[PDB]
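Novice: Once you've seen the sequence and the experimental structure below, I've got questions.
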Amino acid sequence: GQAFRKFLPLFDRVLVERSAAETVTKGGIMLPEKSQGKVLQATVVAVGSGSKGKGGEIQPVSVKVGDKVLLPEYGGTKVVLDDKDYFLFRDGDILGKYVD
Amino acid sequence: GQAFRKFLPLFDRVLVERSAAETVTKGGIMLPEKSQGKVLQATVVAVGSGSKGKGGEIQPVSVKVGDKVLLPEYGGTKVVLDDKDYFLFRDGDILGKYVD
Amino acid sequence: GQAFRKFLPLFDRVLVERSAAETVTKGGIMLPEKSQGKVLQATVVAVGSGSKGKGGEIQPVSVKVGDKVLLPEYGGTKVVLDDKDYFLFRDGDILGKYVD
Amino acid sequence: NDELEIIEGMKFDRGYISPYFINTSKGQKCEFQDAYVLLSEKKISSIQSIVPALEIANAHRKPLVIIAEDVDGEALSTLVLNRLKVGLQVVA
């Protein structure tokens, strides 16, 4: 498993950074902050070693650092590193990967 | 496992596209939009690699892309790809297959 | 497994010490005590032998004594040793490790 | 003395909500020519209901007036925002 800025998740976790906020629209209009929720597309920056539950050998995380992913809506913990909000999910919870 | 437009599900999931909205009736009358709910017949467009819970080897998804399926009523997450709503279910949840 | 001051957890547990209280801010202002909640960053001081549930051999705790860790918000029991509040969590509950 | 005042057109006794729609540099007026009109019976609460009308106005590049029961703080924050930067022409 791989780390981040003086941080390393444990056993299953994945530390992500939510992507841009989408402040303006596509055509030409522009948006406030109370709307617009939390962006669900994110990039993975840290990855835990591997699943502890896997009998004998650890089962390593599948999402590798540097990927874009489609996050779930709810499951997730807020962590603050260098005053930047990063979110710590569990490997099973990550919905999709934006491969391209 | 197979992907979709810059998207790929993880481990068990299945990205489907719900079929038509059923705007008119069979005989000759025609319908609004608040009714008619969400159609349960859909087409599968992406498929995750395979079930991680399967000990040792992964168990690949059974519904293969390009199939028609009968969706459940509740289980499902909304994903937006290219501004077209697609819905991501789990393989165990898909009820039936329209084989023909 | 390793111990602390006349204390030793059982089978899975981890005794940590919560870090500083954050009385003042970064720039120059200074804060009350009703605010500021409970700090989530702590240091591990005792470690239980190893997971009893692991079939046959025990699976030893992963967080080793002397590490800094990111605690969860809820899970945790208060223990008093030498009149200093220390908190006893379970090994699986510890979110991350501050490796550096 | 007696006064003869000839109103030309329509008028109602109610002004703009936010004092940022003033584009006149004059006696505190918002003044448009060839504008659109959006007439709403109940309040414009959310960002959601107001954005399509504005997408129309910016696309056609005409000012827009918003006559509603009221303009809520959420849709209002969008209107003032789009007024103060690049400069969409709106008023409520």
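Specialist: Yep, it's here. Numbers count the residues shown, from 1 in each chain, chains lettered A, B, ... in the order given.
Novice: Now the residue nearest the centre of chain A: which helix or strand?
Specialist: The residue lying closest to the centre of chain A (CA atoms, centre = their mean) is residue A:16, at 2.6 Å. Using DSSP states H and E, residue A:16 falls within strand A:13-18.
Novice: Other residues contacting that strand?
Specialist: The contact list for strand A:13-18 (CB atoms under 8 Å, 6 or more residues apart in numbering or on different chains) reads A:4, A:7, A:9, A:38-39, A:41-48, A:61, A:63, A:69, A:71, A:79, A:84-91, A:94, C:95-96. Where C-beta positions appear, they are placed from N, C-alpha and C, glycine not excepted.
Novice: try 6 Å this time
Specialist: The contact list for strand A:13-18 (CB atoms under 6 Å, 6 or more residues apart in numbering or on different chains) reads A:4, A:9, A:39, A:42-48, A:63, A:86-89, A:91.
Novice: of these, closest to chain B?
Specialist: residue A:63 (7.6 Å; CB to the nearest CB).
Novice: The closest one: which element?
Specialist: Judged by DSSP H and E, residue A:63 forms part of no helix or strand.
Novice: Might you report the residue contacts of it?
Specialist: A:14, A:44, A:94 are the contacts of residue A:63 under CB under 6 Å, 6+ apart.
Novice: From what I see, the last one and residue A:70 are in contact.
Specialist: No - applying CB atoms under 6 Å, one finds residue A:94 not in contact with residue A:70, separated by 7.5 Å.
Novice: And the strands in the chain, which stretches?
Specialist: Assuming you mean chain A. Along chain A, counting by DSSP state E, strands occupy A:8-9, A:13-18, A:41-47, A:50-51, A:59-60, A:68-70, A:77-81, A:84-90, A:96-97.
Novice: was after chain D, sorry
Specialist: Along chain D, counting by DSSP E, strands occupy D:36-39, D:64-67, D:90-91.
Novice: export the ones you listed to JSON lines and tack on distance to chain A and mean neighbour count?
Specialist: Output for the strands of chain D, formatted as JSON lines (distance: least, CB to the nearest CB, whole Å; neighbours: other CB atoms under 10 Å in any protein chain shown):
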{"stretch": "strand D:36-39", "distance to chain A": "15", "mean neighbour count": "12"}
{"stretch": "strand D:64-67", "distance to chain A": "12", "mean neighbour count": "19"}
{"stretch": "strand D:90-91", "distance to chain A": "11", "mean neighbour count": "24"}
